[PDB]
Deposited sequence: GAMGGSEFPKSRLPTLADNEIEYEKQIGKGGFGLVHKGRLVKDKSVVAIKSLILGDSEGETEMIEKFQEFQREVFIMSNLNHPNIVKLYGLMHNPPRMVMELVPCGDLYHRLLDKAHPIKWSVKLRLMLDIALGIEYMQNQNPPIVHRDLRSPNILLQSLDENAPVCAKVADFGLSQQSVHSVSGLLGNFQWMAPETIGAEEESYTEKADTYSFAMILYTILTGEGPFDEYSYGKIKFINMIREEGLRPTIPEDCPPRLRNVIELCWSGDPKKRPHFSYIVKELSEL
């Protein structure tokens, strides 16, 4: 069910950078001069990004949400994906401009959008576990509060490997197949980052072994600010609990966020 396009159908422009497993470029459809994005594999059995390639394609193909990144077609020599280029960037970089803070109305917009996207992912039979949810993977479409969509979820090769474990739910570390509650834990981290603008767990320096243990065994988490809404705090705290069971359904998270 997914179109194939030929090289004569798209025009390359400039290279955006690496997303997920590949290299993203900015391009346009020749028929329409509409902008598009092309994802390709970049060159010892690590070239197992190929599965990530296929995995991303399969998953993107069957999904359709405003808050989820879309796929348009495929290209073949070399194998490539033509997908949407989100215009405004990624969340990680945006949070790096401290001089210019994101507006609360907007931060709220971003949080909801992500939840709506993730809520949708988990309503699938079977559910979709992203597994690589962190700020670099949240793409921004508009930073305007009145826009239909502000944030979109991305990077669907479902692998794990700012990316090391600050973002990972505890059962997940040093494990392979990662329920959907892992994502809930990650989402909490994302909520924490949008709110604070500071990366998760950056207030601590522990060696790797100690750090895992602190998170797994002791319960260490980031410190939420005193001036954080109780409604929001409560939500974050739940999603990031040690017991995966205590983590909420996205129905709850979304509703609560809406009241904020």
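*Asks:* Would you flag the ranges of the deposited sequence that the structure leaves without C-alpha positions?
*Replies:* No coordinates exist for the deposited residues in 1-11, 55-60, 179-186, 203-204, so these stretches are absent from the model.
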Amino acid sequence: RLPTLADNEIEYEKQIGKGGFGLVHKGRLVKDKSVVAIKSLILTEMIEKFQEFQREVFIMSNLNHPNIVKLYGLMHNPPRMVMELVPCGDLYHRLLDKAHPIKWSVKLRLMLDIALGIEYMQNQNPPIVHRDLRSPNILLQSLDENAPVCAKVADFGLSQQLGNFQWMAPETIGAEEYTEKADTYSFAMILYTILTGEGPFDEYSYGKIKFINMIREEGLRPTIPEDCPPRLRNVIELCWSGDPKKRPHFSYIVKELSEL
From here on, numbers count along this sequence of modelled residues.
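*Asks:* Which of the two stretches, 124-132 or 97-105, shows the higher mean Cα temperature factor in the record?
*Replies:* Between 97-105 and 124-132, it is 124-132 that shows the higher mean C-alpha B-factor.
*Asks:* Once you work out the mean C-alpha B-factor for both 15-23 and 237-245 from the entry, which is higher?
*Replies:* For C-alpha atoms only, the mean B-factor is higher in 15-23.
*Asks:* Among the candidates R221, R28, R231, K208, give the one with the maximum CA B-factor reported in the record.
*Replies:* Within the set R221, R28, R231, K208, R28 shows the top C-alpha B-factor.
*Asks:* Between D90, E177, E119, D144, which one tops the list for C-alpha B-factor in the PDB entry?
*Replies:* Out of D90, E177, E119, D144, the record gives the largest C-alpha B-factor to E177.
*Asks:* Within this chain's modelled residues, let me know which third the CA B factor of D202 belongs to: lowest, middle or highest.
*Replies:* Its C-alpha B-factor, which the entry lists for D202, ranks in the middle third among residues of this chain.
*Asks:* Taking the C-alpha B-factors as the PDB entry records them, is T196 in the lowest, middle or highest third of its chain?
*Replies:* As the PDB entry reports it, the C-alpha B-factor of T196 lands in the lowest third of its chain.
*Asks:* Looking at the temperature factor on the CA atom of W167, which third of the chain's modelled residues does it land in?
*Replies:* According to the entry, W167 has a C-alpha B-factor in the chain's middle third.
*Asks:* What third of its chain's C-alpha B-factors does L43 belong to: lowest, middle or highest?
*Replies:* Answer is highest: the recorded C-alpha B-factor places it there.
*Asks:* Should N213 be placed in the lowest, middle or highest third of its chain by the C-alpha B factor in the entry?
*Replies:* Ranked within chain, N213 CA B lands in the middle tercile.
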